[PDB]
Amino acid sequence: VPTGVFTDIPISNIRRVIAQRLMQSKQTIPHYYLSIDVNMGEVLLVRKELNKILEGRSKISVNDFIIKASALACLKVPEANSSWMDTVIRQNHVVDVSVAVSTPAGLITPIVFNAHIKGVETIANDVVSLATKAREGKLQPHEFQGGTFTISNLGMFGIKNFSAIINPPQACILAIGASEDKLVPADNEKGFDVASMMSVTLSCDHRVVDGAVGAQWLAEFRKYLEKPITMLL
Amino acid sequence: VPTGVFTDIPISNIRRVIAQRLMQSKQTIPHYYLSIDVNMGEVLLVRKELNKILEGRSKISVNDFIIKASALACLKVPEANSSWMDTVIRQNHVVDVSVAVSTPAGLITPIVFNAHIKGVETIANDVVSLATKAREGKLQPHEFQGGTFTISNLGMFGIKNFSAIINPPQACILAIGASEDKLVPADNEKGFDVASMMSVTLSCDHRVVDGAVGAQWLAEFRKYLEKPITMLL
Amino acid sequence: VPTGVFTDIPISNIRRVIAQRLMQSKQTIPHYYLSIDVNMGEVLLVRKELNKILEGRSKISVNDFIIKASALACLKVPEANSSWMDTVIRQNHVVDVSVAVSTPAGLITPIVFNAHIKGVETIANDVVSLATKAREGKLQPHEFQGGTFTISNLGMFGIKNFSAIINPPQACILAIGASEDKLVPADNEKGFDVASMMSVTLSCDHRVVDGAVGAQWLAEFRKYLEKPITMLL
Amino acid sequence: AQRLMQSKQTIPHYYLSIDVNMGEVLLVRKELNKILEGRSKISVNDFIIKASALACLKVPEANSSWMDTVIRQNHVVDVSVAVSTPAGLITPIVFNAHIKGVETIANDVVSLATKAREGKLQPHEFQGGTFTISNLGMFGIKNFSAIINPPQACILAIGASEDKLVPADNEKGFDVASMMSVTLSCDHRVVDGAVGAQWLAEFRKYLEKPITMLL
């Protein structure tokens, strides 16, 4: 008797429901993507600085900065953060940043609450928080639901760029890669030294967001990435 | 009493209709994209030359050249320019190039009439024309309707690449970025000087166009971009 | 009397059926793509070596190596190769690699039978086989049907990257470009010599495959591309 | 002869001649032909014809027909060509060459030459042309006078490009560039000197940078 084995796997309501919602999301939302890169080198040194003071309690990650610039980017241009209500549109002034966490169980969407107000002593322990209670499955689904948008970084493994999933009624969400040194010609002649540009990919629905605007979200966004000090006053 | 403000915005028949048509466009058309870049440096110098003579009346832009090569590219390979009629297909020998104009009101699709015949003294004042009457809203929708295909450049703000919208029954449309100097290794050793490659992104429906052919449209297209003199005889 | 000519072309059951199946494929499958590049230089020299012995009978191509690494990549991670059965999923332990052949007639999907077992004296004459009987149309459709996945290289003409079609119930399929020398900074200072990175683009359905896993398929895949000797024991 | 006679008596034929450097255009011939050798070969005259069409597109006053009581001003441009054959003069007519690209006009001229050499082309396709063009310079004639045919206002006759001295700011190098003799005819009852002369002005301006035909 021959081969041809395969596996019929019972599916979990997590996968099943996420699939039923993401499907109608696709059929409803003409997903398109926008991707760019920005040099975090000065921001990485800001990570070694802010962490050279803050090692005393907690550790910081770069993604938190990208999230911060994402919030304020919406504060200056609310047109970026919006929800599709069908007959009308939901434009959210309150900014709650969801995050895509990589766990063996599956995709998790911990929601950040008004991160734009939080400082350097808050958002870190908040992300580490949602990761804490998320890894144990203690976080309730409702705190994974209702988020205005989300953010996901799969680049930890080195993916140049890629396509992600959004969820309704979330207009736009960002997906980030791994910063890879690229050649920027310099006025310094011999030194060509390459700086790492962190891949930043954003999604939008043309029935809600339009290209020029969100593209602007990435324009002033990346402008914040150049000098994160732009967030202070 | 708390926050959570947002805006319910009444939508204009422009947006609404464009959305109803683009939706069924998506569901009907499996949109896929093809993108490449070509050096306009010699073509830019052709802009400083043709404009060093033609400054006397009007000014020229680079996009007009890309449009010209797009027309002739269809003249040599009509399979590129076609319309989907369902039961049959509409293959257009007459080439009318629509253009995507950026205006505060919204997206505008000024249609060019037989640009492939027009010279250096025509297409310029024609694009500037449709921009003139388009900015005032004087152009009638029918002159924004019926175009075989369209072209859009959002790269003016520096977007590397991106995804655009087509409209039925338009098989393919092109979207252009901003030319950014990239490293081309040279036989001249020390000089590595980078030339600006203008991002050129084209869309096609596999139910109409096939990959190899349109890809050829970009092959002989870019071949025209190398030596635009290929359009003369 | 005026112009406006076009062509109403009768469509062949090949095109028609492929369109009816690929359509519902799209509507059903939220197609997304993943693309990367790997240096084949050492693998190309392995082509000049394996061919310096094997010229005596047959000639070898690089794509066959990519296919081989694709098979074993599924052998180590079966989650990559699977079929969507709706109510359940079809996970195929038997690996049959379809190939996309470019012919004037149209797209052809010659199916390879258990290529992972075959050596350097088999897969070559097998691909050349399916190309032989495929060019004459002798291959029956059933040998073009039922394949777990497929692979297509359109890069022979120089396309950087692009979007391809899968067919149900095939979860993932790969599309390859042309290897183009890119700058990799070296510890050797003056020599910057660029190595050709072959564009490798893979597709997946999120209702079946998930990003991290397939991305891993490309991770250990490319790891095989570094040292194809990893396939021996 | 009967038609050209009354043409003369009716038309006060006068001529206008100039020269333009095709060197860059010749290198464009080695380039366009370094790609296009795969199928067909290209000739320089086709470029002159192309610039002639567009020259009329920008200034329609150049291309016109004399209807007597009124004048025939043709927006549709059909370029006739004078072919040298043992039988005699042949006037293969090109159909809307201004639209055609680099892959068309060549095989079209080679076409009319093909069916023309066999005498297969019908006279009507040698008749009705708005104007014509003739190059006898292949044998080295500096300049010369040609024939037009009614109701064709203007027609061009070309010689052979011969290197002439152009003083340069580069001092020692005087290297001469070949200026292709271009001779045009006009009837003062239809065309006027300044205008057609302009046809040659922007024409030659196109000859400097044929890329001016692209957009």
# chains A, B, ... in the order shown; residues from 1 in each chain; ligands from 1
call {"tool": "select_by_dssp", "arguments": {"residues": "stretch 1-98 of chain D", "states": "strand (DSSP E or B)", "output": "list in words"}}
result
residues 13, 14, 15, 16, 17, 18, 19, 20, 21, 64, 65, 66, 71, 72, 73, 79, 80, 82, 83, 84, 89, 90 and 93 of chain D
call {"tool": "interface_residues", "arguments": {"of": "chain C", "to": "chain B", "cutoff": "6 Å", "atoms": "only C-alpha atoms", "output": "PyMOL selection string"}}
result
chain C and resi 4-8+162-163
call {"tool": "write_last_selection", "arguments": {"atoms": "C-alpha atoms", "output": "mmCIF file, in the first residue's frame"}}
result
data_model
loop_
_atom_site.group_PDB
_atom_site.id
_atom_site.type_symbol
_atom_site.label_atom_id
_atom_site.label_comp_id
_atom_site.auth_asym_id
_atom_site.auth_seq_id
_atom_site.Cartn_x
_atom_site.Cartn_y
_atom_site.Cartn_z
ATOM 1 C CA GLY C 4 -11.323 53.319 -32.830
ATOM 2 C CA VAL C 5 -10.478 49.801 -34.050
ATOM 3 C CA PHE C 6 -9.930 46.925 -31.689
ATOM 4 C CA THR C 7 -10.081 43.149 -31.711
ATOM 5 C CA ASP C 8 -12.716 40.774 -30.345
ATOM 6 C CA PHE C 162 6.870 40.865 -9.437
ATOM 7 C CA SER C 163 3.560 39.244 -8.478
#
call {"tool": "interface_residues", "arguments": {"of": "chain B", "to": "chain D", "cutoff": "6 Å", "atoms": "only C-alpha atoms", "output": "list in words"}}
result
residues 64, 65, 68, 117, 119, 228, 229, 231, 232 and 233 of chain B
call {"tool": "residues_around", "arguments": {"residues": "residue A:181", "least_positions_apart": "6", "cutoff": "10 Å", "atoms": "only C-alpha atoms", "output": "JSON, numbers by chain"}}
result
{"A": [39, 41, 193, 194, 195, 196, 197, 198], "C": [184, 185]}
call {"tool": "write_last_selection", "arguments": {"atoms": "N, CA, C and O atoms", "output": "mmCIF file, in the first residue's frame"}}
result
data_model
loop_
_atom_site.group_PDB
_atom_site.id
_atom_site.type_symbol
_atom_site.label_atom_id
_atom_site.label_comp_id
_atom_site.auth_asym_id
_atom_site.auth_seq_id
_atom_site.Cartn_x
_atom_site.Cartn_y
_atom_site.Cartn_z
ATOM 1 N N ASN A 39 17.046 55.846 8.968
ATOM 2 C CA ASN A 39 18.251 55.506 9.717
ATOM 3 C C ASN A 39 17.977 55.683 11.206
ATOM 4 O O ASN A 39 17.641 56.782 11.659
ATOM 5 N N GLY A 41 20.399 54.884 13.431
ATOM 6 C CA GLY A 41 21.707 54.929 14.056
ATOM 7 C C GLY A 41 21.793 55.919 15.196
ATOM 8 O O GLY A 41 22.201 55.564 16.306
ATOM 9 N N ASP A 193 30.583 54.878 4.606
ATOM 10 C CA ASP A 193 30.036 53.980 5.615
ATOM 11 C C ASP A 193 28.515 53.983 5.595
ATOM 12 O O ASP A 193 27.877 55.039 5.615
ATOM 13 N N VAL A 194 27.947 52.783 5.554
ATOM 14 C CA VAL A 194 26.517 52.589 5.351
ATOM 15 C C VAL A 194 25.813 52.648 6.700
ATOM 16 O O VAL A 194 26.334 52.160 7.708
ATOM 17 N N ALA A 195 24.627 53.252 6.720
ATOM 18 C CA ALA A 195 23.798 53.336 7.912
ATOM 19 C C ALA A 195 22.605 52.402 7.763
ATOM 20 O O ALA A 195 22.092 52.206 6.656
ATOM 21 N N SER A 196 22.165 51.830 8.881
ATOM 22 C CA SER A 196 21.084 50.850 8.866
ATOM 23 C C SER A 196 19.751 51.576 8.746
ATOM 24 O O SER A 196 19.401 52.394 9.603
ATOM 25 N N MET A 197 19.007 51.273 7.687
ATOM 26 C CA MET A 197 17.686 51.845 7.470
ATOM 27 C C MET A 197 16.628 50.816 7.842
ATOM 28 O O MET A 197 16.514 49.771 7.193
ATOM 29 N N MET A 198 15.853 51.112 8.883
ATOM 30 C CA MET A 198 14.852 50.182 9.392
ATOM 31 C C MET A 198 13.666 50.175 8.435
ATOM 32 O O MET A 198 13.045 51.216 8.195
ATOM 33 N N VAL C 184 27.835 44.413 -1.411
ATOM 34 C CA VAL C 184 27.964 43.890 -0.054
ATOM 35 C C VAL C 184 29.279 44.403 0.524
ATOM 36 O O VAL C 184 30.352 43.975 0.075
ATOM 37 N N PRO C 185 29.259 45.307 1.503
ATOM 38 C CA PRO C 185 30.524 45.820 2.045
ATOM 39 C C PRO C 185 31.349 44.699 2.656
ATOM 40 O O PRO C 185 30.828 43.834 3.360
#
call {"tool": "residues_around", "arguments": {"residues": "residue D:112", "least_positions_apart": "6", "cutoff": "10 Å", "atoms": "only C-alpha atoms", "output": "PyMOL selection string"}}
result
chain D and resi 81+83+90-94+118-121+125-126
call {"tool": "write_last_selection", "arguments": {"atoms": "N, CA and C atoms", "output": "PDB file, in the first residue's frame"}}
result
ATOM      1  N   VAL D  81       8.084  59.403 -51.579  1.00  0.00           N
ATOM      2  CA  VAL D  81       9.525  59.209 -51.663  1.00  0.00           C
ATOM      3  C   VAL D  81       9.893  58.947 -53.115  1.00  0.00           C
ATOM      4  N   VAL D  83      12.161  57.067 -55.558  1.00  0.00           N
ATOM      5  CA  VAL D  83      12.996  55.872 -55.594  1.00  0.00           C
ATOM      6  C   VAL D  83      13.717  55.835 -56.933  1.00  0.00           C
ATOM      7  N   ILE D  90       9.810  56.661 -59.381  1.00  0.00           N
ATOM      8  CA  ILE D  90       8.717  56.047 -58.638  1.00  0.00           C
ATOM      9  C   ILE D  90       8.444  56.893 -57.404  1.00  0.00           C
ATOM     10  N   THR D  91       7.162  57.035 -57.069  1.00  0.00           N
ATOM     11  CA  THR D  91       6.726  57.912 -55.981  1.00  0.00           C
ATOM     12  C   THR D  91       5.923  57.111 -54.962  1.00  0.00           C
ATOM     13  N   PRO D  92       6.570  56.194 -54.247  1.00  0.00           N
ATOM     14  CA  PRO D  92       5.869  55.480 -53.172  1.00  0.00           C
ATOM     15  C   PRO D  92       5.413  56.445 -52.088  1.00  0.00           C
ATOM     16  N   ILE D  93       4.142  56.336 -51.716  1.00  0.00           N
ATOM     17  CA  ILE D  93       3.525  57.264 -50.774  1.00  0.00           C
ATOM     18  C   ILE D  93       3.512  56.615 -49.396  1.00  0.00           C
ATOM     19  N   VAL D  94       3.983  57.357 -48.392  1.00  0.00           N
ATOM     20  CA  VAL D  94       3.902  56.885 -47.019  1.00  0.00           C
ATOM     21  C   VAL D  94       2.601  57.381 -46.399  1.00  0.00           C
ATOM     22  N   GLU D 118       9.268  45.451 -57.978  1.00  0.00           N
ATOM     23  CA  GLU D 118       8.562  44.481 -58.804  1.00  0.00           C
ATOM     24  C   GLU D 118       7.440  45.105 -59.622  1.00  0.00           C
ATOM     25  N   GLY D 119       7.154  46.391 -59.428  1.00  0.00           N
ATOM     26  CA  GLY D 119       6.075  47.043 -60.142  1.00  0.00           C
ATOM     27  C   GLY D 119       4.709  46.628 -59.639  1.00  0.00           C
ATOM     28  N   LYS D 120       4.669  46.015 -58.453  1.00  0.00           N
ATOM     29  CA  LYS D 120       3.401  45.546 -57.906  1.00  0.00           C
ATOM     30  C   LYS D 120       2.565  46.695 -57.358  1.00  0.00           C
ATOM     31  N   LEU D 121       3.212  47.733 -56.831  1.00  0.00           N
ATOM     32  CA  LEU D 121       2.482  48.876 -56.307  1.00  0.00           C
ATOM     33  C   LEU D 121       1.651  49.528 -57.408  1.00  0.00           C
ATOM     34  N   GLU D 125      -1.398  54.385 -55.409  1.00  0.00           N
ATOM     35  CA  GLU D 125      -0.532  54.532 -54.246  1.00  0.00           C
ATOM     36  C   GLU D 125       0.720  55.335 -54.563  1.00  0.00           C
ATOM     37  N   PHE D 126       0.974  55.618 -55.838  1.00  0.00           N
ATOM     38  CA  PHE D 126       1.953  56.618 -56.238  1.00  0.00           C
ATOM     39  C   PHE D 126       1.313  57.969 -56.523  1.00  0.00           C
TER      40      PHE D 126
END
call {"tool": "atom_distance", "arguments": {"atom1": "atom CA of residue B:46", "atom2": "atom CA of residue D:19"}}
result
23.1 Å
call {"tool": "atom_distance", "arguments": {"atom1": "atom CA of residue A:180", "atom2": "atom CA of residue B:177"}}
result
22.2 Å
call {"tool": "residues_around", "arguments": {"residues": "stretch 124-131 of chain A", "least_positions_apart": "6", "cutoff": "10 Å", "atoms": "only C-alpha atoms", "output": "list in words"}}
result
residues 57, 58, 59, 60, 61, 63, 64, 65, 98, 99, 101, 102, 103, 108, 109, 110, 111, 112, 113, 115, 118, 137, 138, 139, 143 and 144 of chain A
call {"tool": "residues_around", "arguments": {"residues": "stretch 173-180 of chain D", "least_positions_apart": "5", "cutoff": "7 Å", "atoms": "only C-alpha atoms", "output": "PyMOL selection string"}}
result
chain D and resi 19-23+159-168
call {"tool": "closest_residue", "arguments": {"among": "A:134, A:172, A:97, A:200", "to": "residue A:160", "atoms": "only C-alpha atoms"}}
result
A:200
call {"tool": "atom_distance", "arguments": {"atom1": "atom CA of residue C:75", "atom2": "atom CA of residue C:220"}}
result
11.4 Å
call {"tool": "select_by_dssp", "arguments": {"residues": "stretch 114-226 of chain B", "states": "helix (DSSP H, G or I)", "output": "number ranges by chain"}}
result
B: 123-135, 141-144, 155-157, 211-226
call {"tool": "residues_around", "arguments": {"residues": "stretch 166-169 of chain C", "least_positions_apart": "2", "cutoff": "6 Å", "atoms": "only C-alpha atoms", "output": "mmCIF file with N, CA and C atoms, in the first residue's frame"}}
result
data_model
loop_
_atom_site.group_PDB
_atom_site.id
_atom_site.type_symbol
_atom_site.label_atom_id
_atom_site.label_comp_id
_atom_site.auth_asym_id
_atom_site.auth_seq_id
_atom_site.Cartn_x
_atom_site.Cartn_y
_atom_site.Cartn_z
ATOM 1 N N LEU C 22 -8.558 30.727 -11.309
ATOM 2 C CA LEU C 22 -7.708 31.714 -10.649
ATOM 3 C C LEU C 22 -8.534 32.825 -10.012
ATOM 4 N N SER C 25 -9.857 31.597 -6.919
ATOM 5 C CA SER C 25 -8.642 31.499 -6.119
ATOM 6 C C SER C 25 -8.373 32.813 -5.394
ATOM 7 N N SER C 83 -2.171 22.086 1.332
ATOM 8 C CA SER C 83 -3.290 22.400 0.454
ATOM 9 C C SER C 83 -4.487 22.789 1.311
ATOM 10 N N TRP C 84 -5.298 23.720 0.811
ATOM 11 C CA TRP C 84 -6.466 24.173 1.558
ATOM 12 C C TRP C 84 -7.696 23.383 1.129
#
call {"tool": "decode", "arguments": {"residues": "stretch 198-215 of chain B", "atoms": "N, CA and C atoms", "output": "PDB file, in the first residue's frame"}}
result
ATOM      1  N   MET B 198      14.465  56.607 -12.278  1.00  0.00           N
ATOM      2  CA  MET B 198      13.092  57.015 -12.000  1.00  0.00           C
ATOM      3  C   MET B 198      12.244  55.765 -11.802  1.00  0.00           C
ATOM      4  N   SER B 199      11.617  55.653 -10.633  1.00  0.00           N
ATOM      5  CA  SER B 199      10.786  54.495 -10.343  1.00  0.00           C
ATOM      6  C   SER B 199       9.569  54.483 -11.257  1.00  0.00           C
ATOM      7  N   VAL B 200       9.368  53.364 -11.946  1.00  0.00           N
ATOM      8  CA  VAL B 200       8.253  53.207 -12.874  1.00  0.00           C
ATOM      9  C   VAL B 200       7.506  51.936 -12.504  1.00  0.00           C
ATOM     10  N   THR B 201       6.259  52.097 -12.062  1.00  0.00           N
ATOM     11  CA  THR B 201       5.440  50.981 -11.607  1.00  0.00           C
ATOM     12  C   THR B 201       4.207  50.874 -12.489  1.00  0.00           C
ATOM     13  N   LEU B 202       3.980  49.686 -13.044  1.00  0.00           N
ATOM     14  CA  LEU B 202       2.845  49.427 -13.915  1.00  0.00           C
ATOM     15  C   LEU B 202       1.969  48.337 -13.316  1.00  0.00           C
ATOM     16  N   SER B 203       0.672  48.428 -13.593  1.00  0.00           N
ATOM     17  CA  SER B 203      -0.313  47.469 -13.118  1.00  0.00           C
ATOM     18  C   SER B 203      -0.931  46.742 -14.303  1.00  0.00           C
ATOM     19  N   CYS B 204      -1.366  45.508 -14.057  1.00  0.00           N
ATOM     20  CA  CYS B 204      -1.993  44.708 -15.100  1.00  0.00           C
ATOM     21  C   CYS B 204      -2.977  43.739 -14.464  1.00  0.00           C
ATOM     22  N   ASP B 205      -3.983  43.363 -15.247  1.00  0.00           N
ATOM     23  CA  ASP B 205      -4.958  42.350 -14.864  1.00  0.00           C
ATOM     24  C   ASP B 205      -4.642  41.069 -15.623  1.00  0.00           C
ATOM     25  N   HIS B 206      -4.420  39.977 -14.888  1.00  0.00           N
ATOM     26  CA  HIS B 206      -4.025  38.735 -15.544  1.00  0.00           C
ATOM     27  C   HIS B 206      -5.142  38.172 -16.410  1.00  0.00           C
ATOM     28  N   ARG B 207      -6.385  38.592 -16.174  1.00  0.00           N
ATOM     29  CA  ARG B 207      -7.489  38.164 -17.023  1.00  0.00           C
ATOM     30  C   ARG B 207      -7.401  38.837 -18.387  1.00  0.00           C
ATOM     31  N   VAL B 208      -6.544  39.852 -18.500  1.00  0.00           N
ATOM     32  CA  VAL B 208      -6.345  40.536 -19.775  1.00  0.00           C
ATOM     33  C   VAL B 208      -4.879  40.476 -20.187  1.00  0.00           C
ATOM     34  N   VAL B 209      -4.032  41.253 -19.513  1.00  0.00           N
ATOM     35  CA  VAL B 209      -2.605  41.251 -19.806  1.00  0.00           C
ATOM     36  C   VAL B 209      -1.930  40.074 -19.106  1.00  0.00           C
ATOM     37  N   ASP B 210      -0.823  39.617 -19.689  1.00  0.00           N
ATOM     38  CA  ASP B 210       0.008  38.569 -19.107  1.00  0.00           C
ATOM     39  C   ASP B 210       1.377  39.151 -18.787  1.00  0.00           C
ATOM     40  N   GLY B 211       2.063  38.548 -17.819  1.00  0.00           N
ATOM     41  CA  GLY B 211       3.299  39.094 -17.288  1.00  0.00           C
ATOM     42  C   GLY B 211       4.399  39.358 -18.294  1.00  0.00           C
ATOM     43  N   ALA B 212       4.734  38.354 -19.110  1.00  0.00           N
ATOM     44  CA  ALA B 212       5.851  38.497 -20.037  1.00  0.00           C
ATOM     45  C   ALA B 212       5.642  39.666 -20.992  1.00  0.00           C
ATOM     46  N   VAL B 213       4.402  39.883 -21.428  1.00  0.00           N
ATOM     47  CA  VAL B 213       4.121  40.868 -22.466  1.00  0.00           C
ATOM     48  C   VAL B 213       4.288  42.265 -21.888  1.00  0.00           C
ATOM     49  N   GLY B 214       3.450  42.625 -20.915  1.00  0.00           N
ATOM     50  CA  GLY B 214       3.610  43.915 -20.260  1.00  0.00           C
ATOM     51  C   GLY B 214       5.034  44.157 -19.804  1.00  0.00           C
ATOM     52  N   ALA B 215       5.661  43.131 -19.223  1.00  0.00           N
ATOM     53  CA  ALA B 215       7.069  43.214 -18.863  1.00  0.00           C
ATOM     54  C   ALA B 215       7.906  43.636 -20.066  1.00  0.00           C
TER      55      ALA B 215
END
